[PDB]
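Engineer: Provided below: my_file.cif, containing mmCIF, C-alpha atoms; chains and numbers go by the auth columns.
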```cif
data_work
#
loop_
_atom_site.group_PDB
_atom_site.id
_atom_site.type_symbol
_atom_site.label_atom_id
_atom_site.label_comp_id
_atom_site.label_asym_id
_atom_site.label_seq_id
_atom_site.Cartn_x
_atom_site.Cartn_y
_atom_site.Cartn_z
_atom_site.B_iso_or_equiv
_atom_site.auth_seq_id
_atom_site.auth_asym_id
ATOM 1 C CA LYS A 1 0.000 0.000 0.000 0.00 1 C
ATOM 2 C CA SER A 2 2.918 2.376 0.668 0.00 2 C
ATOM 3 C CA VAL A 3 6.515 2.189 -0.484 0.00 3 C
ATOM 4 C CA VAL A 4 9.718 3.786 0.708 0.00 4 C
ATOM 5 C CA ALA A 5 11.749 5.577 -1.965 0.00 5 C
ATOM 6 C CA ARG A 6 15.098 7.420 -1.906 0.00 6 C
ATOM 7 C CA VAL A 7 15.018 11.139 -2.710 0.00 7 C
ATOM 8 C CA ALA A 8 16.975 12.223 -5.764 0.00 8 C
ATOM 9 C CA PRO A 9 17.028 15.731 -7.303 0.00 9 C
ATOM 10 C CA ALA A 10 14.793 16.406 -10.307 0.00 10 C
ATOM 11 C CA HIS A 11 16.601 17.077 -13.577 0.00 11 C
ATOM 12 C CA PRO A 12 16.567 20.743 -14.718 0.00 12 C
ATOM 13 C CA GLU A 13 13.931 20.138 -17.390 0.00 13 C
ATOM 14 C CA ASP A 14 11.387 19.291 -14.673 0.00 14 C
ATOM 15 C CA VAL A 15 11.581 22.588 -12.761 0.00 15 C
ATOM 16 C CA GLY A 16 8.441 23.856 -11.059 0.00 16 C
ATOM 17 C CA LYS A 17 6.089 21.227 -12.517 0.00 17 C
ATOM 18 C CA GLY A 18 5.053 19.475 -9.289 0.00 18 C
ATOM 19 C CA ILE A 19 5.840 15.994 -10.649 0.00 19 C
ATOM 20 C CA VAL A 20 7.752 13.082 -9.164 0.00 20 C
ATOM 21 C CA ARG A 21 9.415 10.352 -11.218 0.00 21 C
ATOM 22 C CA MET A 22 9.193 6.688 -10.173 0.00 22 C
ATOM 23 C CA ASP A 23 9.776 3.530 -12.197 0.00 23 C
ATOM 24 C CA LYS A 24 7.469 0.598 -12.903 0.00 24 C
ATOM 25 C CA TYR A 25 8.564 -1.350 -9.786 0.00 25 C
ATOM 26 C CA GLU A 26 7.481 1.409 -7.414 0.00 26 C
ATOM 27 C CA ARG A 27 4.384 2.283 -9.466 0.00 27 C
ATOM 28 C CA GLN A 28 3.197 -1.347 -9.507 0.00 28 C
ATOM 29 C CA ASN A 29 3.707 -1.706 -5.741 0.00 29 C
ATOM 30 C CA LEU A 30 1.644 1.473 -5.210 0.00 30 C
ATOM 31 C CA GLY A 31 -1.004 0.555 -7.783 0.00 31 C
ATOM 32 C CA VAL A 32 -0.631 3.827 -9.684 0.00 32 C
ATOM 33 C CA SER A 33 -0.178 4.706 -13.341 0.00 33 C
ATOM 34 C CA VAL A 34 1.735 7.550 -14.950 0.00 34 C
ATOM 35 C CA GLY A 35 -0.492 10.602 -14.603 0.00 35 C
ATOM 36 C CA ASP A 36 -1.981 9.572 -11.250 0.00 36 C
ATOM 37 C CA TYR A 37 -1.245 11.432 -7.996 0.00 37 C
ATOM 38 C CA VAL A 38 0.723 10.275 -4.964 0.00 38 C
ATOM 39 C CA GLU A 39 1.097 11.598 -1.449 0.00 39 C
ATOM 40 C CA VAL A 40 4.798 11.935 -0.496 0.00 40 C
ATOM 41 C CA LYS A 41 5.343 11.902 3.258 0.00 41 C
ATOM 42 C CA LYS A 42 8.096 12.676 5.745 0.00 42 C
ATOM 43 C CA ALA A 43 6.770 14.453 8.845 0.00 43 C
ATOM 44 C CA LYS A 44 4.103 16.095 6.700 0.00 44 C
ATOM 45 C CA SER A 45 2.614 15.274 3.295 0.00 45 C
ATOM 46 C CA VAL A 46 2.667 16.814 -0.188 0.00 46 C
ATOM 47 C CA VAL A 47 0.748 15.742 -3.306 0.00 47 C
ATOM 48 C CA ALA A 48 2.504 15.268 -6.656 0.00 48 C
ATOM 49 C CA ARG A 49 1.779 13.896 -10.131 0.00 49 C
ATOM 50 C CA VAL A 50 3.510 10.666 -11.206 0.00 50 C
ATOM 51 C CA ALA A 51 5.782 10.784 -14.246 0.00 51 C
ATOM 52 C CA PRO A 52 7.970 7.996 -15.712 0.00 52 C
ATOM 53 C CA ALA A 53 11.491 7.272 -14.526 0.00 53 C
ATOM 54 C CA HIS A 54 14.676 8.208 -16.324 0.00 54 C
ATOM 55 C CA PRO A 55 16.191 5.000 -17.791 0.00 55 C
ATOM 56 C CA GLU A 56 19.369 5.375 -15.726 0.00 56 C
ATOM 57 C CA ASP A 57 17.303 5.383 -12.498 0.00 57 C
ATOM 58 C CA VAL A 58 15.291 2.190 -13.174 0.00 58 C
ATOM 59 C CA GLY A 59 15.574 -0.385 -10.372 0.00 59 C
ATOM 60 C CA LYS A 60 17.374 1.961 -7.967 0.00 60 C
ATOM 61 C CA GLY A 61 14.252 2.632 -5.853 0.00 61 C
ATOM 62 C CA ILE A 62 14.460 6.436 -6.426 0.00 62 C
ATOM 63 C CA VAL A 63 11.838 9.159 -6.446 0.00 63 C
ATOM 64 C CA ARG A 64 13.004 12.245 -8.362 0.00 64 C
ATOM 65 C CA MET A 65 11.681 15.371 -6.647 0.00 65 C
ATOM 66 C CA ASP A 66 11.922 19.084 -7.468 0.00 66 C
ATOM 67 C CA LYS A 67 13.279 21.516 -4.891 0.00 67 C
ATOM 68 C CA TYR A 68 9.860 23.011 -4.075 0.00 68 C
ATOM 69 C CA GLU A 69 8.567 19.673 -2.790 0.00 69 C
ATOM 70 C CA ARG A 70 11.874 18.724 -1.119 0.00 70 C
ATOM 71 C CA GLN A 71 11.995 22.015 0.772 0.00 71 C
ATOM 72 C CA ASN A 72 8.358 21.739 1.856 0.00 72 C
ATOM 73 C CA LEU A 73 8.973 18.267 3.324 0.00 73 C
ATOM 74 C CA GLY A 74 12.354 19.235 4.755 0.00 74 C
ATOM 75 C CA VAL A 75 14.073 16.277 3.098 0.00 75 C
ATOM 76 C CA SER A 76 17.627 16.176 1.735 0.00 76 C
ATOM 77 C CA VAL A 77 18.788 14.365 -1.363 0.00 77 C
ATOM 78 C CA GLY A 78 19.547 10.832 -0.207 0.00 78 C
ATOM 79 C CA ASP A 79 16.870 10.833 2.514 0.00 79 C
ATOM 80 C CA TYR A 80 13.951 8.406 2.333 0.00 80 C
ATOM 81 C CA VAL A 81 10.252 9.259 2.017 0.00 81 C
ATOM 82 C CA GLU A 82 7.017 7.247 2.186 0.00 82 C
ATOM 83 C CA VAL A 83 4.860 7.240 -0.968 0.00 83 C
ATOM 84 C CA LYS A 84 1.216 6.144 -1.317 0.00 84 C
ATOM 85 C CA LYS A 85 -1.558 6.600 -3.860 0.00 85 C
ATOM 86 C CA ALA A 86 -3.403 9.865 -3.154 0.00 86 C
#
```
With the file now loaded, output its structure as structure tokens.
Structural biologist:
Amino acid sequence: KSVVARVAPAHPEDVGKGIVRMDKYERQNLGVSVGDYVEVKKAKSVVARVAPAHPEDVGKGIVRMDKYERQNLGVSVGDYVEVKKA
């Protein structure tokens, strides 16, 4: 129902869009498709739209997150977050 993913920084092309990138292993465990929304949780929660993973990241258990969402949650690159379907 909820997975743990490692925070990685969004690529520059994704700036300001409010998306997170996760591969098919994490998406299947969550039961979400590309285009659906997830709640990303540390000590509080944010909502973000699911986009596909970069090929290089596949299998690494990463969620790519833009700085707006990272700063809101107070998470550093390399920290872990909980993800669940919204």
Engineer: Translate the PyMOL selection byres ((chain C and resi 7-20) around 9), as applied to the file shown, into an explicit residue set as a PyMOL selection string.
Structural biologist: chain C and resi 5-6+21-22+37-38+47-53+62-70+75-81
Engineer: Generate the output file for the selected residues, C-alpha atoms, as an mmCIF file, keeping the file's coordinate frame.
Structural biologist:
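Listing of part_13.cif after writing:
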```cif
data_model
loop_
_atom_site.group_PDB
_atom_site.id
_atom_site.type_symbol
_atom_site.label_atom_id
_atom_site.label_comp_id
_atom_site.auth_asym_id
_atom_site.auth_seq_id
_atom_site.Cartn_x
_atom_site.Cartn_y
_atom_site.Cartn_z
ATOM 1 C CA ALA C 5 11.749 5.577 -1.965
ATOM 2 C CA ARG C 6 15.098 7.420 -1.906
ATOM 3 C CA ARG C 21 9.415 10.352 -11.218
ATOM 4 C CA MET C 22 9.193 6.688 -10.173
ATOM 5 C CA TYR C 37 -1.245 11.432 -7.996
ATOM 6 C CA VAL C 38 0.723 10.275 -4.964
ATOM 7 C CA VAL C 47 0.748 15.742 -3.306
ATOM 8 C CA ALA C 48 2.504 15.268 -6.656
ATOM 9 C CA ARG C 49 1.779 13.896 -10.131
ATOM 10 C CA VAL C 50 3.510 10.666 -11.206
ATOM 11 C CA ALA C 51 5.782 10.784 -14.246
ATOM 12 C CA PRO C 52 7.970 7.996 -15.712
ATOM 13 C CA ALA C 53 11.491 7.272 -14.526
ATOM 14 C CA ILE C 62 14.460 6.436 -6.426
ATOM 15 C CA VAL C 63 11.838 9.159 -6.446
ATOM 16 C CA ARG C 64 13.004 12.245 -8.362
ATOM 17 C CA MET C 65 11.681 15.371 -6.647
ATOM 18 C CA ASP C 66 11.922 19.084 -7.468
ATOM 19 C CA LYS C 67 13.279 21.516 -4.891
ATOM 20 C CA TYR C 68 9.860 23.011 -4.075
ATOM 21 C CA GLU C 69 8.567 19.673 -2.790
ATOM 22 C CA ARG C 70 11.874 18.724 -1.119
ATOM 23 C CA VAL C 75 14.073 16.277 3.098
ATOM 24 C CA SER C 76 17.627 16.176 1.735
ATOM 25 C CA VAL C 77 18.788 14.365 -1.363
ATOM 26 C CA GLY C 78 19.547 10.832 -0.207
ATOM 27 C CA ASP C 79 16.870 10.833 2.514
ATOM 28 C CA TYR C 80 13.951 8.406 2.333
ATOM 29 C CA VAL C 81 10.252 9.259 2.017
#
```
Engineer: On this file, the PyMOL selection byres ((chain C and resi 59) around 9) gives some set of residues; write that set as JSON, numbers by chain.
Structural biologist: {"C": [23, 24, 25, 26, 56, 57, 58, 60, 61, 62]}
Engineer: Would you write out, as JSON, numbers by chain, every residue that the PyMOL selection byres ((chain C and resi 41) around 6) captures in this file?
Structural biologist: {"C": [40, 42, 44, 45, 81, 82]}
Engineer: Would you please work out which residue, of C:39, C:28, C:71, C:54, is nearest to residue 83 of chain C when using only C-alpha atoms?
Structural biologist: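 Looking only at the distances to residue 83 of chain C, the closest residue turns out to be C:39.
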Engineer: Just to confirm, what's the straight-line distance from atom CA of residue 46 of chain C to atom CA of residue 34 of chain C in Å (one decimal)?
Structural biologist: 17.5 Å
Engineer: Mind pulling up the distance from atom CA of residue 30 of chain C to atom CA of residue 1 of chain C?
Structural biologist: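 Separation of atom CA of residue 1 of chain C and atom CA of residue 30 of chain C: 5.7 Å.
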